[PDB]
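S.K.: Attaching a single structure in structure tokens format; questions to follow.
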Amino acid sequence: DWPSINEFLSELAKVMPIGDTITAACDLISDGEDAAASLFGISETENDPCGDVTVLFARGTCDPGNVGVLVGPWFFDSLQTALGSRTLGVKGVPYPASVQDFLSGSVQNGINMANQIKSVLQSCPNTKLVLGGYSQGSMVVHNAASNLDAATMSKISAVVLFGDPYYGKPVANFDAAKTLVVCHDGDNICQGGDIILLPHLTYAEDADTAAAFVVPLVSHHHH
């Protein structure tokens with residue numbers, strides 16, 4: 001039902017406003033993602049109950065829904081495949097993913113995500129919780145970790161960030177050995193910029209590698 005990553009990227013190439021700043025590209029990115037989602041049957045909103053593994057995912061600036069189409073869905077499918085029989089529940093982070101918060105620092109969004117993390121840990125104390133972010137969503141994850149103590153962050157199994165605008169900064173109050181940051185060569189966002197270039201839109205290619213990073217970190221008996 002879903003296309004291959006190659007077919008997915010070729011369809012995006014027809015509409016994505018490559019070379020524009022996020023401000024100039026915002027509405028075209030949102031429309032392009034929505035059109036690809038409708039064409040391919042890819043969900044841009046996730047609100048599952050906790051699974052054996054649960055991912056809290058913060059989407060990119062101007063991405064539709066609560067997970068977008070570019071990266072999140074591919075990462076969830078790869079992770080579910082890598083988990084075999086174990087179930088994966090995905091919950092999108094309900095924040096605006098606005099241009100202004102990207103340009104400012106997305107900080108109250110970090111506090112809200114820190115509350116969502118605390119709430120999921122209380123509601124699902126037996127799930128293996130993984131945090132994921134793309135673009136501004138990676139800033140939200142960084143800010144959530146900055147607002148949590150090391151004892152709470154110790155309850156997180158893994159963190160995966162794609163196209164991190166804070167690339168180079170570690171995830172606060174957390175073991176860096178449990179973090180994977182995927183930042184493509186030539187992605188202007190990872191350089192602290194605001195230009196949307198092709199390397200920022202192709203993180204679906206890293207879904208399998210990101211899933212492989214997570215799997216060893218989500219065992220109930222590996223301490």
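Convention: chains lettered A, B, ... in structure tokens order; per-chain residue numbering from 1; ligands numbered from 1 as shown.
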Taking a cut-off of 12 Å and counting only C-alpha atoms, can you build a table that, for each residue of region 89-174 of chain A near region 27-31 of chain A, reports the nearest atom pair and how far apart they are in Å (one decimal), sorted by chain then residue number, as JSON lines?
M.R.:
```
{"residue": "A:97", "atom": "CA", "partner": "A:30", "partner_atom": "CA", "distance": 11.0}
{"residue": "A:98", "atom": "CA", "partner": "A:27", "partner_atom": "CA", "distance": 11.1}
{"residue": "A:99", "atom": "CA", "partner": "A:27", "partner_atom": "CA", "distance": 10.6}
```
S.K.: Next, the residues of the selection above should be written as a CSV table (one decimal), in the first residue's frame with N, CA, C and O atoms.
M.R.:
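File written: part.csv
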```csv
chain,number,residue,atom,x,y,z
A,97,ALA,N,4.2,23.6,15.9
A,97,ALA,CA,5.2,23.5,14.9
A,97,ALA,C,5.3,24.8,14.0
A,97,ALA,O,5.3,24.7,12.8
A,98,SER,N,5.2,25.9,14.7
A,98,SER,CA,5.1,27.2,14.0
A,98,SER,C,6.5,27.8,13.6
A,98,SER,O,7.5,27.5,14.2
A,99,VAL,N,6.4,28.6,12.5
A,99,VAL,CA,7.6,29.3,12.1
A,99,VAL,C,8.3,30.1,13.2
A,99,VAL,O,9.5,30.1,13.5
```
S.K.: Got a sec to tell me which of region 18-209 of chain A DSSP assigns to strand (DSSP E or B), as a ChimeraX atom specification?
M.R.: /A:21,47,53-58,88-92,128-134,156-162,179-182,195
S.K.: Within 7 Å of region 108-124 of chain A, counting only C-alpha atoms, which residues qualify if same-chain residues fewer than 2 places away don't, as a PyMOL selection string?
M.R.: chain A and resi 50+93+95+106+126-127+140-141+143-145+147-148
S.K.: Those residues with N, CA and C atoms, as a PDB file, in the first residue's frame please?
M.R.:
```pdb
ATOM      1  N   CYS A  50      -0.342   3.335  24.652  1.00  0.00           N
ATOM      2  CA  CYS A  50       1.000   2.768  24.807  1.00  0.00           C
ATOM      3  C   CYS A  50       1.060   1.334  24.307  1.00  0.00           C
ATOM      4  N   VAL A  93       3.324  14.728  19.375  1.00  0.00           N
ATOM      5  CA  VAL A  93       3.378  15.805  20.362  1.00  0.00           C
ATOM      6  C   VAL A  93       2.505  16.949  19.834  1.00  0.00           C
ATOM      7  N   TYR A  95       1.857  20.202  19.452  1.00  0.00           N
ATOM      8  CA  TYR A  95       2.350  21.575  19.530  1.00  0.00           C
ATOM      9  C   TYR A  95       2.146  22.276  18.161  1.00  0.00           C
ATOM     10  N   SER A 106      11.313  27.387  20.607  1.00  0.00           N
ATOM     11  CA  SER A 106      10.308  26.388  20.984  1.00  0.00           C
ATOM     12  C   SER A 106      10.397  25.903  22.470  1.00  0.00           C
ATOM     13  N   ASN A 126       5.142   0.515  32.449  1.00  0.00           N
ATOM     14  CA  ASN A 126       5.824  -0.656  31.899  1.00  0.00           C
ATOM     15  C   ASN A 126       6.220  -0.520  30.437  1.00  0.00           C
ATOM     16  N   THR A 127       5.828   0.580  29.768  1.00  0.00           N
ATOM     17  CA  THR A 127       6.239   0.718  28.368  1.00  0.00           C
ATOM     18  C   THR A 127       7.712   1.124  28.286  1.00  0.00           C
ATOM     19  N   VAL A 140      12.138  20.776  20.379  1.00  0.00           N
ATOM     20  CA  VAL A 140      11.161  20.495  21.443  1.00  0.00           C
ATOM     21  C   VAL A 140      11.682  19.386  22.353  1.00  0.00           C
ATOM     22  N   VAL A 141      12.239  18.288  21.773  1.00  0.00           N
ATOM     23  CA  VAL A 141      12.766  17.192  22.587  1.00  0.00           C
ATOM     24  C   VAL A 141      13.936  17.726  23.452  1.00  0.00           C
ATOM     25  N   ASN A 143      14.465  20.720  24.489  1.00  0.00           N
ATOM     26  CA  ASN A 143      13.928  21.595  25.538  1.00  0.00           C
ATOM     27  C   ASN A 143      13.174  20.833  26.618  1.00  0.00           C
ATOM     28  N   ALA A 144      12.490  19.742  26.228  1.00  0.00           N
ATOM     29  CA  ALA A 144      11.816  18.886  27.204  1.00  0.00           C
ATOM     30  C   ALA A 144      12.859  18.255  28.147  1.00  0.00           C
ATOM     31  N   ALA A 145      13.971  17.746  27.579  1.00  0.00           N
ATOM     32  CA  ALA A 145      15.033  17.134  28.387  1.00  0.00           C
ATOM     33  C   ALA A 145      15.655  18.166  29.342  1.00  0.00           C
ATOM     34  N   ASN A 147      14.120  20.565  30.747  1.00  0.00           N
ATOM     35  CA  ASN A 147      13.132  20.839  31.799  1.00  0.00           C
ATOM     36  C   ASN A 147      12.872  19.648  32.728  1.00  0.00           C
ATOM     37  N   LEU A 148      13.488  18.493  32.445  1.00  0.00           N
ATOM     38  CA  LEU A 148      13.321  17.294  33.259  1.00  0.00           C
ATOM     39  C   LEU A 148      14.577  17.005  34.046  1.00  0.00           C
TER      40      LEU A 148
END
```
S.K.: If we count only C-alpha atoms and set the cut-off at 12 Å, which residues sit around residue 13 (chain A), ignoring sequence neighbours fewer than 6 positions away in its own chain? Please answer as a list in words.
M.R.: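 In the requested form, the answer reads residues 6, 7, 29, 32, 33, 36, 197, 198, 199, 201 and 202 of chain A.
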S.K.: Got time to write the residues from that selection, N, CA and C atoms, as a CSV table (one decimal), in the first residue's frame?
M.R.:
```csv
chain,number,residue,atom,x,y,z
A,6,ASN,N,12.1,5.5,-2.5
A,6,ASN,CA,12.5,6.1,-3.8
A,6,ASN,C,11.3,6.7,-4.5
A,7,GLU,N,10.1,6.0,-4.6
A,7,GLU,CA,8.9,6.5,-5.2
A,7,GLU,C,8.3,7.7,-4.4
A,29,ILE,N,5.2,23.6,1.9
A,29,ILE,CA,5.6,22.3,2.6
A,29,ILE,C,4.4,21.6,3.1
A,32,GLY,N,2.2,20.2,0.3
A,32,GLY,CA,3.0,19.1,-0.4
A,32,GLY,C,2.9,17.9,0.4
A,33,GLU,N,3.1,18.0,1.8
A,33,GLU,CA,3.0,16.9,2.7
A,33,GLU,C,1.6,16.3,2.7
A,36,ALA,N,1.0,14.3,-0.6
A,36,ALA,CA,1.7,13.0,-0.5
A,36,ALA,C,1.0,12.1,0.4
A,197,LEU,N,16.6,22.6,2.2
A,197,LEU,CA,17.3,22.0,1.1
A,197,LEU,C,16.9,20.5,1.0
A,198,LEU,N,17.1,19.9,-0.2
A,198,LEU,CA,16.8,18.5,-0.3
A,198,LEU,C,17.3,17.6,0.8
A,199,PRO,N,18.5,17.7,1.4
A,199,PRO,CA,19.0,16.8,2.5
A,199,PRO,C,18.1,16.9,3.7
A,201,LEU,N,14.8,16.8,3.7
A,201,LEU,CA,13.6,16.1,3.4
A,201,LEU,C,13.7,14.7,3.1
A,202,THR,N,14.9,14.1,3.2
A,202,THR,CA,15.1,12.7,2.9
A,202,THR,C,15.4,11.8,4.0
```
S.K.: Tell me, as a count of residues only, which residues lie within 9 Å of residue 156 (chain A), counting only C-alpha atoms; anything in the same chain fewer than 5 positions away does not count.
M.R.: 8
S.K.: Write out as number ranges by chain the residues lying within 12 Å of residue 46 (chain A), counting only C-alpha atoms and excluding same-chain residues fewer than 5 positions away.
M.R.: A: 54-59, 64-69, 72-73, 76, 88-94
